[PDB]
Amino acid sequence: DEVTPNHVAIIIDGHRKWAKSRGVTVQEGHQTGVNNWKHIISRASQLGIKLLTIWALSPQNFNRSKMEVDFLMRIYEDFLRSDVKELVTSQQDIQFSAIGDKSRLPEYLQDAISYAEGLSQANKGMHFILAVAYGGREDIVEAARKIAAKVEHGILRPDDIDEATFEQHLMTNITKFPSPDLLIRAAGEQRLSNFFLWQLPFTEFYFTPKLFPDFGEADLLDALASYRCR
């Protein structure tokens, strides 16, 4: 249909709460979370969603323990090496990109990223964006900075700045669907936590109490049925 969102974005959350309640380590909470992604992605592809964004890491998250953050970075490298490789080379023909401040990830993660982006570069199936070291304020600031540089070199005048111009300097300029139709946030909190900001003026929000390690294909289906009801 057209009652199918073009862009769906997901804030993952609840991994430590989940660990805690399972009597298990937070690293294991994280790993079980990330293991969900591939099925979520496949399911969104089957539903004819054109873009799925999973938010994996904010700039503020670099304030957690070094050990926690390093474990996440490796779990993500592993995801991009096994799971994403499968997705891009499967019949789903998924296109992979990452957005965020990549300069800020270790070299090994940056390499995993460019490998999966190269591998999937010509694919024509659903776009999958992994937003990693991505923050909405930082995106806007960085847009404003690029536009200012262009102003400084006479390439652009101040009154040329409109939404559309602004939109082309954001990190979402890699899609024609920058603005999510549907934003899903697991684990019950009702806030954006410095995810997309510019990109959300008419996005439908969907909040579930479900902890993300428990979040599956059915939970995506549920979010979509809410969406179709609005």
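Residue numbers run from 1 along the displayed sequence.
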property	result
139 to 147 versus 80 to 88 - which carries the larger mean C-alpha B factor in the record	80 to 88
160 to 168 versus 198 to 206 - which carries the larger mean C-alpha B factor in the record	160 to 168
Highest-ranked of 211, 10, 19, 218 once sorted by CA temperature factor in the record	19
Per the PDB entry, maximal CA B factor within 179, 35, 173, 53	35
Lowest, middle or highest third - CA B-factor, residue 67	highest
Residue 193, C-alpha B-factor rank within chain (lowest, middle or highest third)	lowest
Residue 131 - Cα temperature factor, lowest/middle/highest third of chain	lowest
Third assignment of residue 26 from its chain's C-alpha B-factors	highest
